[PDB]
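Undergrad: Give me the fold of what follows.
(one chain, ligands or ions: 4)
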Amino acid sequence: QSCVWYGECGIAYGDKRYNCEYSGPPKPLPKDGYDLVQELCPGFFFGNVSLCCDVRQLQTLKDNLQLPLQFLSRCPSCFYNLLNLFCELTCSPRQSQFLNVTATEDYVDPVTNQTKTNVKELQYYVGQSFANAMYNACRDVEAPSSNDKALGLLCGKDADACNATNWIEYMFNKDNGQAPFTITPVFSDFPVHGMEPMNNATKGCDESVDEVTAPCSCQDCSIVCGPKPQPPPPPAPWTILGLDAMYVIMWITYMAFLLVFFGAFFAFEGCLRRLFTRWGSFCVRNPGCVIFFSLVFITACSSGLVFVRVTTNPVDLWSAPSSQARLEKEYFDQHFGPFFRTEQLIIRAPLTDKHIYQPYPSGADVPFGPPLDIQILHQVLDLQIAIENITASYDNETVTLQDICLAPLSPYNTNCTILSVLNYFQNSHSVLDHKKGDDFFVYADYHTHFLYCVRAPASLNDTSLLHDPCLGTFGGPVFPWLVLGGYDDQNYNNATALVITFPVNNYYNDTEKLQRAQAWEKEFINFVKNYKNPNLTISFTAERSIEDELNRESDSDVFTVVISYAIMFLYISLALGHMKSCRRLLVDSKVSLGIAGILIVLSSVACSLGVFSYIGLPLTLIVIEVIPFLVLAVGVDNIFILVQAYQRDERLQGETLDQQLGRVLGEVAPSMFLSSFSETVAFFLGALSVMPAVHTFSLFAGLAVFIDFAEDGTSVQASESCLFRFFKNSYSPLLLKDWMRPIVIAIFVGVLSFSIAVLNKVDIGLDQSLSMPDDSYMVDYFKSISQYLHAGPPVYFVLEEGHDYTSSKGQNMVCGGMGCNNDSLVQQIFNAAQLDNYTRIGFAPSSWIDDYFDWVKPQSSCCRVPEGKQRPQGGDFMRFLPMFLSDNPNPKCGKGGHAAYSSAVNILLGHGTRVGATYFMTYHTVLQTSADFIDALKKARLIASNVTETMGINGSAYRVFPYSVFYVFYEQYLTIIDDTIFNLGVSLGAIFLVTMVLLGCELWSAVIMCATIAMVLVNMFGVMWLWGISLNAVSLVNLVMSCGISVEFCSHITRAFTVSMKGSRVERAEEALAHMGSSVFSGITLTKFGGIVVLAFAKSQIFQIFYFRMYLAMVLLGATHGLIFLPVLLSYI
Ligand SMILES: *[C@@H]1O[C@H](CO)[C@@H](O[C@@H]2O[C@H](CO)[C@@H](O)[C@H](O)[C@H]2NC(C)=O)[C@H](O)[C@H]1NC(C)=O
Ligand SMILES: CC(C)CCC[C@@H](C)[C@H]1CC[C@H]2[C@@H]3CC=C4C[C@@H](O)CC[C@]4(C)[C@H]3CC[C@]12C
Ligand SMILES: *[C@@H]1O[C@H](CO)[C@@H](O)[C@H](O)[C@H]1NC(C)=O
Ligand SMILES: *[C@@H]1O[C@H](CO)[C@@H](O)[C@H](O)[C@H]1NC(C)=O
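TA: Residues are numbered from 1 along each chain as shown. Ligands and ions are numbered 1, 2, ... in the order given. I have put the structure below:
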C-alpha cells in the first residue's frame, strides 16, 4: 500500500490548498480525527485507520461538502456515492493504484525554509461502472424546490447536457472555483497500464445507505417510484326498486280487472269502564269546586315544578351523552381537554390581476395569482396586524388576543399563532419589501422566499441570497395548504385565495375565561364586518355567526306561527261553544297540556328548541278529540238532559274513543324513553298527554255541561252542515270506491318505493343573514385545506420493539390517507403526520443548541448524542433519555436555531415507561355536506379499526380517536337508520297492543289500525325524500309526531265502527263513520287551516320553511287517509 499525498501544503487560490506530495505507506490517523472519519468515510474506520490523509484534509473535505449537500442532501444514496468518490481520492490507503501525480511545484515552509512539494495536478482512475452508478443514483434528484434536476446546478451545464463522466470532469476542474486543484479523471472498468481503477461498491437511490437512512423519495428519484392508486370502487343500483313498484302496480291493475269481470259475470270490560265513568260524572255533576279545585292543583304542580325557568338550550349538546360519541370526546379531554377553536378568514383580491416574475437564476415564467401581488400582501398584513390589536371589554377588564390565543412557545415567546402566508415573512412589511438586486438582476425578493418556504416552512434560513427564515413568529412552520386556496396540484403560486387562521382557547372547563374569549370574538366579528378595503373581499369564521345567527334569525318567524296559532284557536273556539263557553276550556286545555308538560319535565330537568313546535301542535290532539266529544253531544237530543243525557252521550262515545285515543297517544310519547336526543321533548309531551286526557275528563265535560245548560242559531247551522257533509260522504261510499281505492293503494306503493329508494343525513342551511353565509360560501369555494383532526391516544410505550411496530402502523396510516381520494382529489384524510418518532431520529442524527432565558441571563447549551455504532442503536430503541430531552425544546441545533417542540406526553418523575399520550393528527378538508363528512367519519372509524386490528394485545388499552369539529355534531346522523326503524317500531308495538287493550279482533282491528302505521309513514317519507322534504334530528321527531296524530284520527273512527251493534255488510260502517266524519273535518281541517298561515305564509329563513312545511303536508296526507283508509278496510272486511 502506498500514498501519493499526505497533509496540506501551499495555497492554490482563494482559501484553497494543494496537498503535500508523499509516496510512503498510509499512516494511522490520530484519534482526534476519528469523529471526522466516522462521519465522512466510515468505510475506512477500522483497524489502525491507516490512511493517506491527515485530520486537516478530512476537515477540508467536510468544509467543502456544503454545495453538494446544498443540492443532493435529500437523496442520501446519491450523496453517499459522491462522498465515496472523494473519500477514496482523499484518504485511500491504496491511492497509488488509482492516482498518478502529473504536476508539482515547490512548497517552502516560511519559518524553517524546509522544502516540500505541492501536488499541483493528478490523474484519477475512476471505475466506469462506479461513475455510471454515481450518476444513475443522482440523475433524478430534484433541486430543493424546482422542476429542474439538481445535476443542472453541480455540472457546469444544464441537466440535459450533464453525463456521468462530464459531471465528474467538471467537479474536478479547478476552473469551477471550488476544486482547489485539478484532478483529470480517466474512466475504465479495466486496468490501465497497471493502474487499477477505483471501483467501490455503490448504492442506488432505491436502496438504504444504512439501517438509519431510508431510500430516496419519488419526487427526487425514479427507481423508487410508483405505483399510483387504483382502489376506486364504483357502485350504482336502484332500478330494481322501480321495477318492483311497476310490477306491483300491474298486479293491482290485473286484480281490479278480475274484480270487474266478476261483477259482470254475476268489549264487556270497556262497557263496564264506560258505565263507571258515567257514574262518576253523575256524582261529579253535583259540584263544580272539586273539578276546578283539581285544575287549580294542576295550576300549581305545573307552575310549581317550573320553578327556576333555567330551561337551558345551549350550547352544542344534542348528540346525547354516554356511548362513544360523548365518552370519546371526554377521553380526548383528560389527555388535553379542548384542543381549541379557530377564527378563520378567507381573503380574495377581486380587482387585482395575476402577474409573472422570473426567479434567479432559472428565469422560468412563474405566474402568481391575484392575492400574491406584493401590495395586496402588504394590505393583508395591515388587516392581520389590526386583528392582533383588537381589544374587547368584559366587566371592567380588557381582553386581548394575547390573553386567549394559542401561544405554543409561552412564556419565552408570547407570539400568538397565526397561520398565514405573511408568517413566511415573519409578519413584517419591511422584511417582505426587501429585495436584493442590482442594475441587472433581482436575485431575491418576496417571490423566491415564497417558492422556497412552501417547500420548507420550518427553515430558519432561505437558501437564496435573502437568507430570511420561513418559520412563523409563533415558533412553528406554516404549511402552505393551510394558508392558500384555489390553486392546482401543489402550484401554490397560482392561489386565488388566502386563508388566515387564529387558534383561540375554547375554555370548555373555564366559564369566566370563555366569556372573555367570546367578548373578544364579538369584537373580531364586528371588526371584519366593518373593515373597508375595495381591494379585498374578506369572509368568516368565528363562533357567534353559527350561534348568533340561530339565536338572531330564529325569531321573526315566531310572529308567523304565533299569529297562525291565534287564528286557529279562534276557529276551534267559534266551532262548538262558539260563545264564551268552549273558548275558556280550550285555552285551559292547551295551557293544561303545555303547563303540565313543563311541570312533568321540571321534575327531571330538561329543555329544547323543537320541543316547542311539538308542544303547541301536539296540543291539537287534546283539542281535536276534546273538540269532537263536545260537538257530538251538541248533536244529541233525546228524553234526558244533564242527568243521563250527559253520561249517555259521553261515556258512550268519549269513554271508548277517548280511552283509546289517550292510550294510543301515551304509547307514542310514553315509550319515548328510547335511546337518542329526543326522548326528552317526546316523553314530556306524551306525559302531558294522559294529563291533558285526565284534565278534559270531568273538567271539560262538567264545565261544558255546568254552563252548557244568535249563538244558538249559528251552532245549529254548523251542525246541520256537518250532517249534510256526512250524508254526502256516505253517498260517495255507497256508489263504489273500489277503483279509486286501488289507485290510492298505488299511490302508497309508489311512495314506499320512492321513499325507500331515497335518503339523506342533514346539512346546515341557516337564513340569509350575512356572516353565516360568508362562511358557507367561502367553504364551498375554498378547498384542499381547513381542518379537523383524526387522533389516537395510546398507552404502554416502553418496549423499543413495540414502538418500532407502532411507528410502522403510523407510517402505513399516512400512506392510505395520502391516497384515498375522490373525484379529482383525496377525501379521507389530507394528509400526513408528525408524531415525534422522527424528531428523536433527527436529534440522534445531529446535535445541540442554545436556549436563551427570559428576560435576561447567560446562554445555556446542553446535550450530547451517541455515534457511530452506538448512534444507530440509540435511535433504534430505549426511550426515557430521548423522551425527556425531546419534550424540552425551543431552539434547533445546526445551521440555525429555532423552535421544534410539542406536547401530548406527560409522565411522572423519570418514569419514562409511564408516558401518555402521544397523539398524531392529519387534517383533511371536506366541507361538502352532512352526508360528505359522515362518509369521511365512516372511513376514519374503519381506519381506526384497521390500525388497532392489525396489532393489538391484552384486553383493552386506548385506541383510535377521530375528533373533528364535525363529529359529535354529526355523530347523531350515524345510527339514524336504526333510530327511525327502532323509534317507529316501538310505536308500532305500543299502538297494536293498545288498540287491543279493549278489542283484539285478531286481524280486524289489529290490521285496521296496524295498516295506518305503514299507511301514513310512506307519505311522510315520500314528501321528505320526495319533494321539498328533509331529514335530521328534527325530521325524526317529525315522523314521530306524525304517527301520533295519525293514531288519533284512526282511533276514533275505528273504536266505534269495529263494534257496530246491529251488524251488517257495509251499511253499519257508513253509519258509524258518519258520526265520526263530522269531527274529522272539524279538528283536522282547522289544524291545516292554521298551518297554512304557517306554511302558506312567509318567513325569513328556510330553517322552519321546511319543519312546519312537511308537518302540514304529512299531517294533511294522514287526515285524508283516515276516511279512505277506514272505508277501504270496511269494504275489505
Ligand atoms: C471502498 O471499498 C472497499 C472494499 O470493499 C472498502 O474497504 C473495506 O471496508 C470495510 C468496511 O470498513 C472493511 O470491513 C474491509 O476490511 C475493507 N476492505 C478492504 C480491502 O480494505 C472501503 O471502505 C470503501 N471505501 C469507502 C470510502 O467506503
Ligand atoms: C462546483 C461544484 C460542482 C463542486 C462540487 C464538488 C466539490 C465539492 C469537489 C470537487 C473537487 C473536490 C476536492 C478534491 C480534492 C480535495 C483534496 C483533499 O485532500 C481534501 C478535499 C478536497 C478539497 C475535495 C473536496 C470536494 C471538492 C472541492
Ligand atoms: C503515471 O502515469 C504517467 C502517464 O499518465 C506516466 O508517465 C508515469 O510514469 C506514471 N507513474 C507511475 C508511478 O506510474
Ligand atoms: C383495512 O385493512 C385491511 C387489511 O388489514 C385491508 O384488507 C382493507 O382493504 C383495509 N380497508 C380500509 C378501508 O382501509
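
Undergrad: where along the stretch 701-850 of the chain do the strands fall?
TA: In the stretch 701-850 of the chain, the strands defined using DSSP state E, counting those that start in this stretch lie at 821-822, 825-826, 850-851.

Undergrad: Each with direction, which strands does the second one pair with?
TA: Right, strand 825-826. strand 821-822 (antiparallel) (DSSP bridges).

Undergrad: right, quick check: the partner strand against ligand 4, any contact?
TA: No - Strand 821-822 lies out of reach of ligand 4 by Cβ under 6 Å from any ligand atom, never closer than 13.2 Å. Using the backbone N, CA and C atoms, a C-beta is placed for each residue, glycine as well.

Undergrad: what about the closest residue to residue 14 other than its chain neighbours, how many residues close to it?
TA: Leaving aside its chain neighbours, residue 14 sits nearest to residue 177 (7.7 Å; criterion: Cβ to Cβ, 6 or more residues apart in numbering). For residue 177, the neighbour count with other Cβ atoms under 10 Å is 9.

Undergrad: roughly how far apart are the most centrally placed residue in the chain and residue 972?
TA: Of all residues in the chain, the one closest to the mean position by Cα atoms, centre = their mean is residue 966, 3.8 Å from it. Going from residue 966 to residue 972 by Cβ to Cβ, to the nearest Å gives 12 Å.

Undergrad: And for residue 1085?
TA: For residue 1085, the distance to residue 972 - Cβ to Cβ - is 36 Å.

Undergrad: So the two - more neighbours on which side?
TA: Between residue 1085 and residue 972, residue 972 has the larger neighbour count (other Cβ under 10 Å), namely 23 against 13.

Undergrad: and that one, what does it touch?
TA: Residue 972 makes contact with 318-320, 325, 676-677, 1033, according to Cβ atoms under 8 Å, 6 or more residues apart in numbering.

Undergrad: For those, give me TSV that also has neighbour count and distance to residue 227.
TA: TSV is the format used below for those (neighbours: other Cβ atoms under 10 Å; distance: Cβ to Cβ, whole Å):
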residue	neighbour count	distance to residue 227
318	15	45
319	20	41
320	18	45
325	19	38
676	21	46
677	18	46
1033	20	44
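
Undergrad: For those, work out which two are farthest apart.
TA: The span of the contacts of residue 972, defined through Cβ to Cβ, is set by 325 and 1033 at 13.0 Å.

Undergrad: Using the three-state scheme, assign whatever residue of the stretch 201-350 of the chain ends up closest to ligand 1.
TA: Using Cβ to the nearest ligand atom, residue 201 is the residue of the stretch 201-350 of the chain that sits closest to ligand 1, at 6.1 Å. Secondary structure, DSSP: H, G, I helix; E, B strand; the rest coil: residue 201 is coil.

Undergrad: ok, how many other residues are close to it?
TA: 10.

Undergrad: Tell me how far it lies from ligand 4.
TA: Distance of residue 201 to ligand 4, computed by Cβ to the nearest ligand atom, to the nearest Å: 38 Å.

Undergrad: Look up phi and psi at that residue.
TA: According to degrees, to the nearest 10, the main-chain angles of residue 201 amount to phi -60, psi 150.

Undergrad: so does the lengthiest strand in the chain get close to ligand 1?
TA: Secondary structure assigned by DSSP state E gives strand 115-126 as the longest strand of the chain. No - applying Cβ under 6 Å from any ligand atom, one finds strand 115-126 separated from ligand 1 by no less than 12.7 Å.
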